[PDB]
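Visitor: The data below comprise the sequence and an experimental structure of the protein.
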2 protein chains.
Amino acid sequence: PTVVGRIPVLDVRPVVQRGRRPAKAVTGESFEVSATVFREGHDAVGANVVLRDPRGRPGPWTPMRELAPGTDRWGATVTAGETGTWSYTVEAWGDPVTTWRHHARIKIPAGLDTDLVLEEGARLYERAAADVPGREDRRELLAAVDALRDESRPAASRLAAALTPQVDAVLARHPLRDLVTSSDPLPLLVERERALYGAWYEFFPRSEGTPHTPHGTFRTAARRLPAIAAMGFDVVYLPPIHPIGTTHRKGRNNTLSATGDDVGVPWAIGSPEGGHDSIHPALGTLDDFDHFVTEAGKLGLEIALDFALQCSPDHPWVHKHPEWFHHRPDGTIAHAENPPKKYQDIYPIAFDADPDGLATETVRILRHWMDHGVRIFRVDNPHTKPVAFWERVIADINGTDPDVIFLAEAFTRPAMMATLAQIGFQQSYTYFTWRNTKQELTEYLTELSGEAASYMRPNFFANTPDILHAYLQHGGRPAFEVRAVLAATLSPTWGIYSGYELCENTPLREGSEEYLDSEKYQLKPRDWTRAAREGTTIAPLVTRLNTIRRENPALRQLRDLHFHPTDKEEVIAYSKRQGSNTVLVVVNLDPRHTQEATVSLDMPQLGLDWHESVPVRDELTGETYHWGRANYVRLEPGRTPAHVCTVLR
Amino acid sequence: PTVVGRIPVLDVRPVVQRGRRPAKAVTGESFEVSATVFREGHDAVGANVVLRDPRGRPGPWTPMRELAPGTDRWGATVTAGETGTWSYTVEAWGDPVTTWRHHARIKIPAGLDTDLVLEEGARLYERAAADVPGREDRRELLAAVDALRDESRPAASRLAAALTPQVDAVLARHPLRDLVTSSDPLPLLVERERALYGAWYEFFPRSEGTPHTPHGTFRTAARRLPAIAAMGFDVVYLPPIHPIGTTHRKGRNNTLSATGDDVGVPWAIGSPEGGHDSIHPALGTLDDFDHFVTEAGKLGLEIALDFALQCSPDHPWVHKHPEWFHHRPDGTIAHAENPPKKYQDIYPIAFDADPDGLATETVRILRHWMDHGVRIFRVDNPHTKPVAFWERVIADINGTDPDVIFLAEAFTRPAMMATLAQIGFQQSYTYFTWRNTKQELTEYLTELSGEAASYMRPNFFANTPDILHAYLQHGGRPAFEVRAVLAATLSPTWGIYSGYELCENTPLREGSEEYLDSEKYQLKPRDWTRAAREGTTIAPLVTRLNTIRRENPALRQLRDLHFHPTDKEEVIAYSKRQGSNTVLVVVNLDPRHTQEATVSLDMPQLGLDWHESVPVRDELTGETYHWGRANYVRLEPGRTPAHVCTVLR
């Protein structure tokens, strides 16, 4: 057997790990399948994509087109249905009708062998007709055959009868395909909508307490849920909810030794009170947690628990499973580190003495929280644990519960970041917070919306407890507005960490990305009521963004994104589409100075003629404009961070 | 089982068709094997390449290095031995020694945990020592262990004893490797030197006749062999040597109807006299051909026969195997075409009615010429025959005779050109003739010497019977000198078609690449003796180029090539290396005007310091220069096309 088939179909994409790992989609997501298709000689080829579902049932007729002239690269758009494991094949084939028509249009006017050319056409159309199930379509083709063969008629007349619009339509739907050749199938894993699309809100339940009991409980924390739901969010991500170690506990502002009342860092998991399958006693009981998860669900909120596979020194695993840790010659365990950061309060896991025990217990823990309604895990620093470990755990969990979503917090180099997504992480944290200029944002989102979208789903958190970017520190509120618009419009999954809305932007010190008085190390009560009444929260903007997302399908996808040029380096413009919905965004990335610019829309890239002028609505203000090829904008920081416009129907 | 192993080793290159087709080399050729290697956490990785021969025997220790910082991309150079099918794997591993040294150099001066760190080092070195086969090496490592453990000595002293040059050498050769992880093996087809390296000369034996018998024979044609051997060539490529059709035979200058004496085109193969397994009666007998091949071999010349799988209308196959042709409804066979060119004299083969008969006969024909000493086939327009057909034929022939070299004359689009090489063609014709500017030559050769070199071996013919480029037409002799230098120095395989040496450059007309009075359609006698005495041949330059190639290993390889900048767009500079041989070439691409320029050598890329000034010899003149970072050159067309310099050891 040969490696190339009769009609070459080569390098089918998307492909992940040479076919050893599946490409990704979610339900209702469209993406391009592509291949290099051609044949020997000078005749025309055709190609089509065959998408097969988990039952192996083929999709609709999906013809491909050459994507650029001379390139022999073909593509078609396909759309994922129900969740599960699918496959896709490209079929390539001789297109003798297109070939014949090409010669016929040339020879018949030149009067070359007209009877022979016309008879040749008749026999192709007869073969094409024999495959057509429709009776009207069959008769339409046979009718042309007869006219092709009517030797009493002028040549160019007989030919014209084979080139009519209705003949074209029949053939476009049921083409005569020569020498049909198929690629080997490639895998597609289709997961639920939330893996790609959703708004995330992170908060610390302990911070939402009372004057009498400052340490919040699940029952007091649950009072925050209506506000979070009302801001249009779908997921609440909680930092670790287990007991917290006392040994080497950190105090306020990441000080080394905690004093009497210091609450420590939730990530320092474990004490005599319990480990990863337990609730911090001050947060309440597992019953109180069930209440929190129930009350969340009623507001349309899914809970995402933090999974940090690491231990305080007081975690029971330290004595129960010592071989889960690396011990130095004096018996001690070196605390975890992400240099120059030290985590004195935290021991890292060692995976090579008992990989099976670690995997077994990890999946037990996860299934415990799953049995209490947690269907999303935010995995803490996964890149300090083995890659194959995550592959095994994820495959084990999704094997029984394929709805479970894992989010990889891997702020690391691209290789590890890529590979983590490729081995099964449904979502990835990204370089977003460090992409702030027009060039940075344009380069990075081009990358994320390109080939990487076949394996990675990005979660654009505008801030985290560990990341307060300089842009925000120096920018103030108009900077918080800008980043919110960007996150919410550039990725179908975005998020904020509580405090962002109040524009908390005081760092630990100049040149740090740590917050001052970080909530990681202390209870951090907020006067949410006062902020609202005084308008010192960008909560309404956030709410408006999530509403716009919920009303505009273009914003619930990743791959369709185009950047439109402007005459200002501070001003960035881009558009996203999904079916007939088109959103167009212009942002002033300067948080201190008004910027006026001329936005030059790639009209064809919106599906419009160059001269066309179609109306838009700015969804932030409800104000209408008529835009076209070249448009003036004037964006004043504080008044208008950006224009988030829909093209009107 | 997981797809990623304990230490991620991913995307091993070179790879061809995802591992379904082999990467290529020849005996003695070096190339880079690369992979993406990394691990979880912050500790060091190492990697190495394991090359295995046809018996499965491993090669020498081949440690890899990260190729660019932060990239996680590793590579090493490997070298092919004997011909056959080899395989290569990349091994990745934790490098705990490099990790430990890093921490030890920091902690020990800072006085952090010095006894613990030193004991940790001692235990790694003990494990490292236990793997070392050498006794002196083992003792060298145990010596360091003892020192590391000598608690009566200063900490930084104990450390230093483990960081000595001889300890390094032992560890570099026998590193302590943690958690060794291997990629799946990839295939390497190693073929003979001539598949990559060789000088080719094309001529028509019929043109070398006598005053009495103008139509040359193999016995008269053999008189040209000494002169071709003396020009330094290794291969003689003959156009088709079979009988030629009479029906629709072409006359002189590609006229439609041949008259009484017209000899026709060799590619119009077949008559009642014989087909592809026969000799044209005017060329002589199969015995006369054996004589030609014998006389060639004695001069160090291999014969490359044209294989053109196509027929004149008078070929026996036309009546013996009608199903090998497509017949129109009136029974006629459409003549072959490469539009706008028509080949009225030639019928194309149809492959879909009897693929097995065609394949069987093709390999029979090839084996017939092989039994007569032909071990190289120049395959005419392979891209108009099925890709899979060539794959099957090549795999069939190399299955029994792996020395047989196929050269693909595929002047087509890149997908087909690439695929042809990938399915087994040892050599490819290229776009060379259409790369004439510095940007064109630089872009194209960057491409050919890069990833394509894992599957394609280029044959740079400066001209062909079907290609007289405008550069040569308008350039005259100095243009012939330029293109000869470029071909001979940029590819390890190059060639010319007889007449090039005499600077024959009259086209059929303006804007044509056909020669006037093309030898394809007529006998074309040349006064070779007169040209030599009158100095109107560039034969001595050509001879000098092949001598330079034969004396400089750098010129017998492809992949090592670097382009050095110049301040003149007309002036191009590049360098090639192999072991300690370095050849440096500067060319004036302007065939009408003298060009002076400053050549700015990438000194490190030659393996030299920036300030260094190392001497050269221009092998075309024997003149010596001292070159360095910045060098003035002055190149006068007619006097000096180029500088072809060797760096003196």
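Guide: Perfect, thanks for sending it. Numbers count the residues shown, from 1 in each chain, chains lettered A, B, ... in the order given.
Visitor: domain ranges for chain A?
Guide: A:1-94+A:174-192, A:95-173, A:193-559, A:560-649 (curated CATH domains).
Visitor: In CSV: those domains, plus distance to chain B and mean neighbour count.
Guide: Heads up, the C-betas are built off the backbone N, CA and C, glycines and all. Shown next, in CSV, are those (distance: least, Cβ to the nearest Cβ, whole Å; neighbours: other Cβ atoms under 10 Å in any protein chain shown):
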stretch, distance to chain B, mean neighbour count
domain A:1-94+A:174-192, 4, 18
domain A:95-173, 5, 16
domain A:193-559, 4, 19
domain A:560-649, 26, 17
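Visitor: for these, which one sits closest to residue B:216?
Guide: Shortest distance between residue B:216 and those, using Cβ to Cβ, is found for domain A:1-94+A:174-192: 34.2 Å.
Visitor: Next, report how far the closest one is displaced from the centre of its chain.
Guide: Relative to the centre of its chain, domain A:1-94+A:174-192 is centred 22 Å away, using Cα atoms, centre = their mean, to the nearest Å.
Visitor: From start to finish, how long is that domain in a straight line?
Guide: Distance across domain A:1-94+A:174-192, first residue to last, is 40 Å (Cα to Cα, to the nearest Å).
Visitor: cool, stretch A:376-391 as well?
Guide: Start-to-end, stretch A:376-391 (Cα to Cα) is 16 Å.
Visitor: can you check stretch A:462-481 too?
Guide: Using Cα to Cα, the two ends of stretch A:462-481 sit 10 Å apart.
Visitor: and if you look at stretch A:543-563?
Guide: 25 Å.
Visitor: ok, residue A:245 - contacts?
Guide: Listed by Cβ atoms under 8 Å, 6 or more residues apart in numbering or on different chains, the contact partners of residue A:245 are A:264, A:268, A:269, A:270, A:271, A:311, A:312, A:313, A:314, A:315, A:345.
Visitor: In a markdown table: the domains of chain A, plus distance to residue B:321.
Guide: As requested, the domains of chain A are exported to a markdown table (distance: least, Cβ to Cβ, whole Å):
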| stretch | distance to residue B:321 |
| --- | --- |
| domain A:1-94+A:174-192 | 19 |
| domain A:95-173 | 23 |
| domain A:193-559 | 48 |
| domain A:560-649 | 52 |
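Visitor: which stretch among those domains comes nearest residue B:508?
Guide: Nearest to residue B:508, of the domains of chain A and by Cβ to Cβ, is domain A:1-94+A:174-192 at 22.9 Å.
Visitor: Could you pick out the longest strand of chain A?
Guide: strand A:84-94 (DSSP state E).
Visitor: picking up where we left off before, among the contacts of residue A:245, which are located in strands?
Guide: Those of the contacts of residue A:245 lying in strands (DSSP E): residue A:311.
Visitor: Provide the secondary structure category for residue A:258.
Guide: coil (DSSP: H, G, I helix; E, B strand; the rest coil).
Visitor: quick one: it and residue A:247 touch, right?
Guide: No: counting by Cβ atoms under 8 Å, residue A:247 is not a contact partner of residue A:258; they are 10.1 Å apart.
Visitor: Can you tell me the centre-most residue of chain A?
Guide: residue A:457 (3.1 Å; Cα atoms, centre = their mean).
Visitor: C-alpha coordinates for the lengthiest helix in chain A, PDB please?
Guide: For chain A, the helix with the greatest residue count under DSSP state H is helix A:114-131. Extracted in PDB, the C-alpha atoms of helix A:114-131 (Å, rounded to 0.1, in the frame of the first residue of the first chain):
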ATOM      1  CA  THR A 114     -17.500  20.800 -31.500                       C
ATOM      2  CA  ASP A 115     -19.500  17.500 -31.900                       C
ATOM      3  CA  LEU A 116     -16.800  15.600 -29.900                       C
ATOM      4  CA  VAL A 117     -16.500  18.100 -27.100                       C
ATOM      5  CA  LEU A 118     -20.400  18.300 -26.800                       C
ATOM      6  CA  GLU A 119     -20.800  14.500 -26.700                       C
ATOM      7  CA  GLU A 120     -18.100  14.300 -24.100                       C
ATOM      8  CA  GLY A 121     -20.100  16.800 -22.000                       C
ATOM      9  CA  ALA A 122     -23.300  14.800 -22.500                       C
ATOM     10  CA  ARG A 123     -21.700  11.600 -21.100                       C
ATOM     11  CA  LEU A 124     -20.300  13.400 -18.000                       C
ATOM     12  CA  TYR A 125     -23.800  14.900 -17.300                       C
ATOM     13  CA  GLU A 126     -25.300  11.400 -17.800                       C
ATOM     14  CA  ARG A 127     -23.000   9.900 -15.100                       C
ATOM     15  CA  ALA A 128     -23.700  12.800 -12.800                       C
ATOM     16  CA  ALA A 129     -27.400  12.300 -13.400                       C
ATOM     17  CA  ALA A 130     -27.300   8.600 -12.500                       C
ATOM     18  CA  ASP A 131     -26.200   9.500  -9.000                       C
END
